[PDB]
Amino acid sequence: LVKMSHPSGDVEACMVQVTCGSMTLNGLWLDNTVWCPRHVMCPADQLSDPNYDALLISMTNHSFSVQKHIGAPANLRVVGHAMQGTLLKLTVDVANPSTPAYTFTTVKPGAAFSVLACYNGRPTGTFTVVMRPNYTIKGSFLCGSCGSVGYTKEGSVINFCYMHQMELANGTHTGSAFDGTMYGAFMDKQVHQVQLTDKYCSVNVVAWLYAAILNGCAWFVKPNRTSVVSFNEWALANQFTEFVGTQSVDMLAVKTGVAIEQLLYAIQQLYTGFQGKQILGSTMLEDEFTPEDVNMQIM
């Protein structure tokens, strides 16, 4: 089991640098559109309390500059601007000839996606995270990473789901979907913001227990069962997300012969502590791997 992200090449060919005044960050160029965080527009004196409508009104196409540094580098001309939630939709005069097939999806808590971290329009690293139940991610981002992009891929279509915007007071990160809505209803302004209390992603804990059984670690499997409905009611009071079955979990159920309901019962017992024992070398429940991960990695 490793943290496995998609190959980033197709997304690399879409990264650009966006400049507005003396401010810069990353943007994503698809077709004739460049997407980027709207706080490019924001003077340093207005970061803590910005008026984005007033700021956008004071912009012309000419306020915005877009540079591509990767591939055959190019200057693009901004021929239109618009604001969509927390994102800027610039229109440019050239279409990206390396535009992949893509959609815009919103990731759900517990689901994994790949992030391409960039600075000044240059990809520097790639990693994968799961969206946390409190709609933050446990990333690795520094000043200037804003506009870095998160995505999944089904076959050859890339599903863009995340554009990075902020690091909260705790170690964690958040950003917006490409409809422009910030995950977790956080605000793109320079203010201290307190996230909700996080939860265990139940379906990923289940996936992880199936991975243990697949590896010969099954000491926690008992005949006792907890129904999904019973589990989900118990989950409300215990900081666990609602469990929603999928095809991937069922395949692990069929492969191991252990029913989902036996592991939901197991989670309720192990949540109190492992009483001296370990599971896959761990003393705590692991929710950072998905059923798809376990399926694919241990095919």
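Residue numbers run from 1 along the displayed sequence.
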Query raised in the report: Higher mean Cα B-factor in the deposited model: 65 to 73 or 36 to 44?
Result: 65 to 73
Requested in this report: Averaging the C-alpha B factors as listed in the entry, name the stretch that ends up higher: 48 to 56 or 263 to 271.
Outcome: 48 to 56
Report summary line: For 176, 114, 190, 172, the deposited C-alpha B-factor is largest at 190
Query raised in the report: Which one, 157, 131, 163, 182, has the peak C-alpha temperature factor per the PDB entry?
Result: 157
Report summary line: Of the three thirds of Cα B-factor ranks in this chain, residue 138 occupies the lowest
Query raised in the report: Lowest, middle or highest third: where is residue 296 by C-alpha B factor in its chain?
Result: middle
**Report entry** Relative C-alpha B-factor of residue 246, binned into the chain's lowest, middle or highest third
**Finding:** middle
Query - Ranked against its chain, the third holding the CA B-factor of residue 281 - result: middle
Requested in this report: Would you please rank residue 85 by its C-alpha temperature factor against the other modelled residues of its chain and give the third it falls in: lowest, middle or highest?
Outcome: middle
